[PDB]
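Reviewing the structure listed below.
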Amino acid sequence: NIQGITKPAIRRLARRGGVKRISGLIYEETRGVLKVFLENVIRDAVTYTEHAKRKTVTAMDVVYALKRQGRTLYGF
Amino acid sequence: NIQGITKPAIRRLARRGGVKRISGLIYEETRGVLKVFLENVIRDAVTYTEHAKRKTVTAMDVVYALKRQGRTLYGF
Amino acid sequence: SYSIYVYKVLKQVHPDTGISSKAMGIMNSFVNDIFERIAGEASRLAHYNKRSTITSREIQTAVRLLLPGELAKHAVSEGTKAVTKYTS
Amino acid sequence: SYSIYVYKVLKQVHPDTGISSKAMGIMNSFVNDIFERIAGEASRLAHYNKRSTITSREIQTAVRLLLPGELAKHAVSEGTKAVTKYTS
Amino acid sequence: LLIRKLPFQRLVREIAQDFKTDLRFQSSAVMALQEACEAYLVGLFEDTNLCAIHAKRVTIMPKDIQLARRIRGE
Amino acid sequence: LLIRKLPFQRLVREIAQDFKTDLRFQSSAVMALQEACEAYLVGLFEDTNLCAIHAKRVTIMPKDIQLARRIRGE
Amino acid sequence: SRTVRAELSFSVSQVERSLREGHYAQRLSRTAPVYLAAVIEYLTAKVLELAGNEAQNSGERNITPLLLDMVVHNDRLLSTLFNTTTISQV
Amino acid sequence: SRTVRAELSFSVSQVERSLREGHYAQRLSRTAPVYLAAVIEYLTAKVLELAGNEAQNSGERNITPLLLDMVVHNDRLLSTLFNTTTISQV
DNA sequence: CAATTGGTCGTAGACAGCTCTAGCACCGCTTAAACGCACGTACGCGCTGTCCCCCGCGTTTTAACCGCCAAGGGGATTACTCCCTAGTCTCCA
DNA sequence: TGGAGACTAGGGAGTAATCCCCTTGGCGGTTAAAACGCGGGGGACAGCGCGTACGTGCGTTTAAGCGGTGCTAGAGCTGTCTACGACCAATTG
């Protein structure tokens, strides 16, 4: 489920983002933003895997899916 | 000069943007945003003209410069 | 270039409604743009797999990549039900 | 692919400072990315002018387009003062 | 990383199931997705904190994420 | 259009002078730049008005343009 | 002719000729330009279907660029394709 | 050898061989890969010059990916090139 | 076992020559649009106060992580070997 | 007056057949991390007030726009014509 993105993991992401205090409704909105981001990147990674006639989503399919959003990822 | 971008032309752009009331300091900031936007697009249009060994900046050099910013322009 | 076929599809979709002369240049720049975008995406997909031939499968993948959602599902369905009608 | 030359330039710029093994893969993906970006920009510039040969002038223009500002001025100056030292 | 790895792998393997059933993921594809998702969320909360300071507040609210995503174009 | 054409042509011909001296512009290049600049400024004031409503205000201020450009990545 | 034979409206041979003059690859496929002409035909017959629906919904006779700008930025069906486009209107 | 002859550190022949296997055009130029190898050489000798300056400024011995992530997002000289990049750090 | 250097061989791009759009320039007259007031009032901005509701500290509960060892699906490869795409003669508007 | 139908001669991909990584699946014992609950108090959020500062309406000033001449630069050709990059035979590490 999306519930695995727990309350203190979003709190740690906001503490690294520089947020001092978090409202009690950020937690379900951040999961809804993360789910949209994954539904936009995994769709392209699955498209590259189905185009490569594979069944295993490699890390270069994820790098290409992030490259198609202007989010180039170095190290794979 | 940048002063040709007058006070009521910025006011008409803000009225089309949906702004109801405008502070008295928007006028010099909007000219400083427009000058940065033109310094970013005209640099690429002049680069395409110097690459095409021309001296006349055509409208397709402007379309290519806007395409290099994710601002595709149809009709030229 | 592609302006002679935009009016030919418009005669099928709306045989009564006409089109202007600036709107024909807009639809012609739209067609030459979605053409040079789909073909560019299919050339990058032919390079990522180290192929040399752009088949219809790299076009179907570049349509899945470029067009979002229902537009990609209908463009793939129209390309598939045009290639199958072509081979028969 | 390009990892053998990253360490060779690093021996010139910092002969005392070493590099890790993940940072070599990061610099190798950086080099293969700015290569496949400059060459892609120079192929679009060779298509916009209907040429067929990528010369050094389409590389100088793709460097002016891709790199912003002072990085473009220094990359053009280094490419020019490497082609002139090459022809001599 | 800041998100736990096994619930993030369950999340990717329950999101990707809607696209193609019975897929396998490399062990580094999930870490590339988790690295990219935290590098997305921190960059999102850096503009949410700007939208919360802009209203003369400290607590971020869901309207700050909604403004930081509508201005960004999401 | 909303900006007057002759001061916008003077603005383009005084910005482009820093890049290459003694350039000429087509009559449709300046209209493409003016169409793109008003289509930029209206889309900028649509997010500035969102940043001004977000602070419970009506008047837009320069900090609203600065927030709408920092979130956008400018 | 393969366009009438495939019962399409765009010419396959001109899209193939533009793929050759674009040099997007070294060699095309047998049915790749038929698929590409059917997708571009679908997108044109989806945009102009809405421009012709809006010209008669508003009451206009021809299709102006104001109709294109109002449709493609409305109609969330294809408003996503034109998030970053600007119809010039001049 | 043209790399030592041009007094460069990257191999011109491998960048040219990667332009041939990328099929970016039909025919290259005589001096286009020398220019491209000198620009990529400049960018590598500008990023690793700063990674080697920061490893000795901090006091580190090797170069870790944390040094690359701290430099390329600092250093407004080349922070514009990496506005939309993410070093993975894993 | 690289990458290079002499020859050679088309052919693409350099390049004088020339037609003619079209961009730049100036003059004069409108008339809209900008510009400068002065006034009244919205509405930013500071303040004070009641009151959620978030943070911090304890327990206690969960499940992530680690270290094993299977087991089979499936990259990645090497080998042929057909079946395709690239070169060429006519119809039917 | 433009396709595109039968035939060639090859040469990327299809398609088996083969290792052998490596992904998925258990178990079991950790101990970190999440979950709950209590309480105190920072701080959204509402309400009020003073008072800048923006908008609207006026008269006056500017200039943009328009129409009409010129006039030369310089895009687009068209036709040569070299120098160029694509191919092939002996090497300092």
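Atoms considered below: every heavy atom in the structure, side chains included; atoms not considered: hydrogens, waters and symmetry mates. Convention: sequence-line order gives letters A, B, ...; per-chain numbering from 1.
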Could you list the residues that satisfy ring pair (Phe, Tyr, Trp, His ring centres under 6.0 Å) with A:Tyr64, not counting sequence neighbours?
-> A:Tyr48, C:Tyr48

Grab the CD1-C1' distance between A:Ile5 and J:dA34 for me, whole Å please.
-> 14 Å

Going by heavy atoms in the side chains, are B:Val19 and B:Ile22 under 4.5 Å from each other?
-> yes

Ranking I:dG75, I:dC65, J:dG55 by distance to the side chain of B:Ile22, first place goes to J:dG55

Anything under 30° is parallel, anything over 60° is perpendicular, the rest tilted; go ahead and classify G:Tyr24 against D:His47.
-> tilted

Considering only side-chain heavy atoms of A:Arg11, which listed nucleotide, J:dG55, I:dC55, J:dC54, is closest?
-> I:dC55

side-chain contact (heavy atoms from CB on, under 4.5 Å) involving A:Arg12 - partner list, sequence neighbours excluded | A:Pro8, A:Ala9, E:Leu2, E:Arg4

Assigned chi class of J:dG76 under the 90° convention is anti

Assigned partner base of J:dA73, Watson-Crick or wobble definition, under 3.5 Å | I:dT21

Mind checking what makes side-chain contact (heavy atoms from CB on, under 4.5 Å) contact with B:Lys7, not counting sequence neighbours?
-> B:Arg11, B:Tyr27

Between F:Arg10 and J:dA64, does any side-chain N or O lie under 4.0 Å from OP1 or OP2?
-> yes

Is it true that J:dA83 and I:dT11 form a pair, Watson-Crick or G-U wobble, with both distances below 3.5 Å?
-> yes

What's the CZ-P distance between B:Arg15 and J:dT56, to the nearest Å?
-> 7 Å

So which nucleotide from I:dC54, I:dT4, I:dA14 ends up closest to the side chain of H:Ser1?
-> I:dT4

Whole-Å gap separating P (J:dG55) and CD1 (F:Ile60) | 10 Å

Counting distance only, does the side-chain N/O of G:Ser29 pair as donor-acceptor with the main-chain N or O of G:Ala32 below 3.5 Å?
-> yes

Please answer whether the main-chain N or O of H:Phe10 pairs with a side-chain N or O of H:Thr3 as donor and acceptor at a distance below 3.5 Å.
-> yes

Taken to the nearest whole Å, CG/G:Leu28 to P/J:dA13 is 12 Å

Taking B:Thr30 for its side chain and B:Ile26 for its backbone only, find out whether a donor-acceptor pair lies under 3.5 Å.
-> yes

How would you list, by chain and number, every residue that makes a salt bridge (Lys or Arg N to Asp or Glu O under 4.0 Å) with G:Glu16, sequence neighbours excluded?
-> G:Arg2, G:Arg20

Contact list for residues 16-31 of chain B, test salt bridge (charged side-chain N to carboxylate O under 4.0 Å, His left out), sequence neighbours left out = none

Within residues 4-19 of chain G, the residues having a heavy atom closer than 4.0 Å to DNA chain J are G:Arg5, G:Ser13

Nucleic acid contacts of residues 48-58 of chain C, taken as heavy-atom distances under 4.0 Å to DNA chain J | C:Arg51, C:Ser52, C:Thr53

For I:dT50, measure the glycosidic angle (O4'-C1'-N9-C4 for a purine, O4'-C1'-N1-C2 for a pyrimidine) and name it syn if it falls within 90° of 0, otherwise anti.
-> syn

For I:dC47, does the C1'-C2'-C3'-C4' torsion put the sugar north or south?
-> north

So, does A:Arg54 use its side chain to make a donor-acceptor pair with the main chain of A:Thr56 at under 3.5 Å?
-> yes

Which base, if any, makes a Watson-Crick or G-U wobble pair with I:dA42, both distances under 3.5 Å?
-> J:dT52

Who does J:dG41 pair with, Watson-Crick or G-U, both distances under 3.5 Å?
-> I:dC53

Between I:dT11 (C1') and H:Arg30 (CZ): distance, integer Å | 18 Å

Of B:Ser23 and H:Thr31, the one whose closest DNA chain J nucleotide lies more 5' | B:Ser23

For J:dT30, does the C1'-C2'-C3'-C4' torsion put the sugar north or south?
-> north

Of the candidate nucleotides J:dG65, I:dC55, J:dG12, which contains the atom at the shortest distance from the side chain of G:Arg27?
-> J:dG12

Applying a 3.5 Å limit to both distances, which nucleotide forms a Watson-Crick or G-U wobble pair with J:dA63?
-> none

Assign each of F:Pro7 and H:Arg20 to its nearest nucleotide of DNA chain J by heavy atoms, then name whichever residue's nucleotide is nearer the 5' end.
-> F:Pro7

Does J:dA4 pair with anything, Watson-Crick or G-U wobble, both distances under 3.5 Å, and if so, with which nucleotide?
-> none

Who are the side-chain contact (heavy atoms from CB on, under 4.5 Å) partners of G:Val34, not counting sequence neighbours?
-> C:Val83, C:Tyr86, G:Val12, G:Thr31

Using the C1'-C2'-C3'-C4' torsion, which pucker class fits J:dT72: north or south?
-> south

Based on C1'-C2'-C3'-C4', put the sugar of J:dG5 on the north side (positive) or the south side (negative).
-> north

Can you tell me the distance, in whole Å, between the NZ atom of A:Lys53 and the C1' atom of J:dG14?
-> 8 Å

Measure the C1'-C2'-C3'-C4' torsion in the sugar of J:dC84, then label it north if positive and south if negative.
-> north

Could you tell me which non-hydrogen atom of H:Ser18 sits nearest to which non-hydrogen atom of H:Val15, and how far apart they are?
-> OG-O, 2.7 Å

What's the NZ-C1' distance between E:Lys20 and I:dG74, to the nearest Å?
-> 12 Å

Do the non-hydrogen side-chain atoms of F:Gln34 and F:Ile3 ever get within less than 4.5 Å of each other?
-> yes

Does J:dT80 have a Watson-Crick or wobble mate here (both distances under 3.5 Å), and if so which one?
-> I:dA14

Contact pattern, 5' to 3', of nucleotides 17-38 of chain I - B, S or - by protein heavy atom under 4.0 Å = ------SS--------SS----

Looking only at side chains, do C:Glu58 and C:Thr53 share a donor and an acceptor under 3.5 Å apart?
-> no

Atom NZ of F:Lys5 and atom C1' of J:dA63 are separated, to the nearest Å, by 16 Å

Listed once per pair and sorted, the side chain to side chain donor-acceptor pair (under 3.5 Å) pairs that draw on residues 50-59 of chain E, sequence neighbours left out | E:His54-F:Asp64, E:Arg57-E:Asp64

Check nucleotides 42-45 of chain I for protein N or O atoms closer than 3.5 Å to its own N or O atoms and list the pairs.
{"from": "I:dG44", "atom 1": "OP1", "to": "F:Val58", "atom 2": "N", "distance (Å)": "3.3"}
{"from": "I:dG44", "atom 1": "OP1", "to": "F:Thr59", "atom 2": "N", "distance (Å)": "3.3"}
{"from": "I:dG44", "atom 1": "OP1", "to": "F:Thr59", "atom 2": "OG1", "distance (Å)": "3.3"}

What is the pairing partner of I:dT48, taking Watson-Crick or G-U wobble pairs with both distances under 3.5 Å in any strand?
-> J:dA46

Watson-Crick or G-U counterpart of J:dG10, or none if no pair lies under 3.5 Å | none

Contacts of F:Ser27 that satisfy side-chain contact (heavy atoms from CB on, under 4.5 Å) - sequence neighbours left out = none

